[PDB]
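The chain below stands alone and is given as structure tokens, in the form deposited in one PDB entry.
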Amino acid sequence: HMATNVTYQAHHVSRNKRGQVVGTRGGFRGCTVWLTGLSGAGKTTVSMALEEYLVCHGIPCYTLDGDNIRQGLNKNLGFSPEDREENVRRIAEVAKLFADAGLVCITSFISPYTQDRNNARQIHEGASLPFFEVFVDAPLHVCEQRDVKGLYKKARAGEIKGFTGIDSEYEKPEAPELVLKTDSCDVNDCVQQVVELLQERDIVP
């Protein structure tokens, strides 16, 4: 349960050369926009709108969404703390791949644990890939009100164990690059705030 006798194999294409090949707009802009927040905060809504916005603006990107990823790559993971650690760890590594390829990678995972969000950042920092932690911030009471997928109601009645914000911790970002107050903003205002961040950080022209 640990890779041994493995040797790093260097690619034969530079990041600059990938910058040239990816998209129609010149420059390398691989990075990760790491959304984090409560269930129902608006993570998927923002991430899917952002992906649409970026593609519409000639920037190849890809959304890795916790729910979707948990139907493939991370289908063998549950919601114990251990398993959420592994879930985020695997996607942080995938996200780093997407970013290294030159895509703007957008992850919409709960990612409830500081240490694991930091671990994701550091994977990216070590690769010289910009990493933007975005706190999709709606009050839990708002999130439960929305109860989009009926999960909070199930969690309430004890029918789902370990539900984030009900029976599992959410560790509020303390140092995110951007906070999105999705209870007081609309989706397009939230997208706009992320775009403004990406323009400031030379990812969106």
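Take the two forms, superpose them, and find the largest set of C-alpha atoms that agree within 1.5 Å; that set is the rigid core. Residue positions are given as counts along the sequence shown, with the first one as 1.
On mean Cα temperature factor in this entry, is 163 to 171 or 45 to 53 the higher one? If you average the C-alpha B-factors of 163 to 171 and of 45 to 53, the larger mean comes out for 163 to 171.
Tell me which of 1 to 9 and 196 to 204 has the higher mean C-alpha B-factor in the deposited entry. The stretch with the larger mean CA B-factor is 1 to 9.
From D137, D67, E177, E144, pick the one with the largest CA B-factor in the entry? That would be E144, according to the entry.
Lowest, middle or highest third: which one holds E86 when the chain's residues are ordered by CA B-factor from the entry? Ranked within chain, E86 CA B lands in the lowest tercile.
Among the chain's modelled residues, which third holds the C-alpha B-factor of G37? Ranked within chain, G37 CA B lands in the lowest tercile.
Grab the CA temperature factor for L151 from the record and place it in the lowest, middle or highest third of its chain. Answer is highest: the recorded C-alpha B-factor places it there.
Check where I59 lands among this chain's C-alpha B-factors and tell me if it's the lowest, middle or highest third. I59: CA B-factor falls in the middle third of its chain.
Although not depicted, the form deposited in another entry is the subject of the following passage.
Classify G66 as shifted (yes) or not shifted (no) between this form and the one not shown, where shifted means its C-alpha moves by 2 Å or more with the rigid core superposed. Superposed on the core, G66 moves its C-alpha 2 Å or more between this form and the one not shown.
Core-superposed C-alpha of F135 shifting 2 Å or more between this form and the one not shown: Result for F135: no, shift under 2 Å.
After the core is matched up, is the C-alpha of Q122 off by 2 Å or more between this form and the one not shown? The answer is no, as the C-alpha of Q122 shifts between this form and the one not shown by less than 2 Å after core alignment.
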